[PDB]
Number of protein chains: 2
Amino acid sequence: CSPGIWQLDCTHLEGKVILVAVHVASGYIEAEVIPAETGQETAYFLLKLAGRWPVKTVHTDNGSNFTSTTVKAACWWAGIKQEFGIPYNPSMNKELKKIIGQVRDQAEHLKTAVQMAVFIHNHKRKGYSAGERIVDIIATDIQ
Amino acid sequence: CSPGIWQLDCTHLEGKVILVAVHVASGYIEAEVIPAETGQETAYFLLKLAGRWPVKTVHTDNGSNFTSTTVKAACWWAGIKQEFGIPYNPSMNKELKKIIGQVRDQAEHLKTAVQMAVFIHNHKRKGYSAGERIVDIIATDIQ
Ligand SMILES: Cc1cc(C(=O)NC2CCCCCC2)c2c(c1[C@H](OC(C)(C)C)C(=O)O)[C@]1(CC2)CC[C@@H](C)CC1
Ligand SMILES: Cc1cc(C(=O)NC2CCCCCC2)c2c(c1[C@H](OC(C)(C)C)C(=O)O)[C@]1(CC2)CC[C@@H](C)CC1
């Protein structure tokens, strides 16, 4: 997979919304609890992500996520296009919920447990970790 | 400078608080508006940062920032130590305020303009950009 492709999806836990972004080529994840599943939260999240990584295309399992003018304006400003090379055929959201449950009792707030789970996931040895693979993929792509 | 050293500081604009983290070796920045200048916001921010980058030591220009038990617990869990190799002698916070002012009229909310400014800063050509330098520094360090 190309080094600039990211997938964004929302999942639900404890009555709250978790926005999950996956760097498809490496398995690296960024995730955050958001108050509402809205175009404004999505747009703000995409702007943050694009300022930290070289985001070229974005995919999702719910295409209606990207219909708001707010999201479109954010993609426009950051130069993000929609991904079309990933067919929809009806993963880590469940594996991420697994880690959250493992650490949930260590934190009061769900948003804390989510970041603990992101940390665990990105640094776990699978023989590099996801965090190691993304930087080497993007670094190699620069050259 | 070592590839795992980050500097964290808060600055103020429009009556709000902006938390600014700098990867000292590359100039790469992450920044966010936070509601209050509190140990809980600092701790949560450090947990997010450490799950995304290999954070080994953290420095600051206001040492009292790191006295709360909440921050200490976060550093403990993520394995972060305090940096001692950067003497205090009384930069980018001003350069970042410069970019914010340049784009401020393009967004309603300050928090949006901040992320726009982070994007501009990390992708500006200075002949690589900060975003390119951090990944190559960390990738080279893995090997
Ligand atoms: C709200 C809250 C409060 C405290 C706190 O001040 N506890 C004191 C400690 C001193 C001795 C006992 C008296 C109680 C702590 C956390 C949190 C956490 O929320 C934030 C991320 C800070 C926003 C949460 O969601 O629970 C930690 C540990 C300490 C943060 C680090 C993390 C790995 C584990 C959870
Ligand atoms: C709150 C808000 C609302 C709208 C919006 O829905 N405008 C519509 C567009 C359709 C046509 C005119 C009618 C009005 C827009 C933004 C924001 C922004 O706050 C968030 C990041 C989304 C949380 C802000 O702080 O202003 C953007 C552009 C569009 C986001 C992208 C960014 C590069 C520039 C600012």
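Both ligands and their constituent atoms are indexed starting at 1 by order of listing. To find a chain, count down the sequence lines: A is the first, B the second, and so on, and within it residues start at 1. Only this structure's heavy atoms are used, side chains among them; waters, hydrogens and symmetry mates stay out.
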Answer yes or no for atom 27 (C) of ligand 1: protein heavy atom present at a distance under 4.0 Å? no
If we only count N/O pairs under 3.5 Å, is A:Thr70 in contact with ligand 2? yes
If you define the side chain from C-beta out and look only at heavy atoms, does anything of B:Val71 sit under 4.5 Å from B:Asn65? no
If we only count heavy atoms from C-beta on, is the A:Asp136 to B:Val135 side-chain gap below 4.5 Å? no
Protein heavy atom under 4.0 angstrom of atom 20 (C) of ligand 1, is there one? yes
Option nearest atom 33 (C) of ligand 2 (shortest heavy-atom distance, choices A:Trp77, A:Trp76, A:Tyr44): A:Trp77
If we ignore angles and hydrogens, is there a donor and acceptor under 3.5 Å between the side chains of A:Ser64 and A:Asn62? yes
Would you verify that at least one protein heavy atom lies under 4.0 Å from atom 24 (C) of ligand 1, or report that none does? yes
Need the ligand 2 atom indices (1-based, order shown) with element for anything under 4.0 Å from a heavy-atom of B:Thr112. 18 (C), 19 (O), 20 (C), 21 (C), 24 (C), 25 (O)
Is there a side-chain contact (heavy atoms from CB on, under 4.5 Å) between B:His109 and B:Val33? Walk through the geometry before answering. CA-CA 10 Å; B:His109 311 301; B:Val33 173; over 6 Å; no
heavy-atom search around atom 8 (C) of ligand 2 in the protein gives A:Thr69 OG1, 4.2 Å
Minimum distance, heavy atoms only, to atom 34 (C) of ligand 2: which one of B:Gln106, A:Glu41, A:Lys48 is it? B:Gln106
Considering B:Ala74, A:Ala113, B:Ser68 one by one, which has a heavy atom nearer to atom 31 (C) of ligand 1 than any of the others? B:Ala74
Charged N to carboxylate O below 4.0 Å: is that the case for A:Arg125 and A:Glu132? yes
Is atom 12 (C) of ligand 2 touching the protein, meaning some protein heavy atom lies under 4.0 Å away? no
Any protein heavy atom under 4.0 Å from atom 6 (O) of ligand 2? yes
Which heavy atom of the protein is the closest neighbour of atom 2 (C) of ligand 2, given with residue, atom name and distance? A:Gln40 NE2, 4.1 Å
Could you list the atoms of ligand 2 found under 4.0 angstrom from a heavy atom of A:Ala73? 28 (C), 29 (C)
Test of proximity, B:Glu108 against ligand 2: N or O pairs below 3.5 Å: yes
Checking side-chain contact (heavy atoms from CB on, under 4.5 Å) for the pair B:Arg52/A:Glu30: CA distance, chi angles, key distance, verdict? CA-CA 8 Å; B:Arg52 288 140 183 77; A:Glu30 298 206 10; 3.6 Å; yes
Salt bridge or not for B:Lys56 and B:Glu83, using N-O below 4.0 Å? no
For B:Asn93 and B:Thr11, test the side chains for any donor-to-acceptor distance below 3.5 angstrom and give the result as yes or no. no
Report yes or no: is the cationic atom of B:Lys72 (NZ for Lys, CZ for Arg) closer than 6.0 Å to the six-membered ring centre of B:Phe66, at no more than 45° off its axis? no
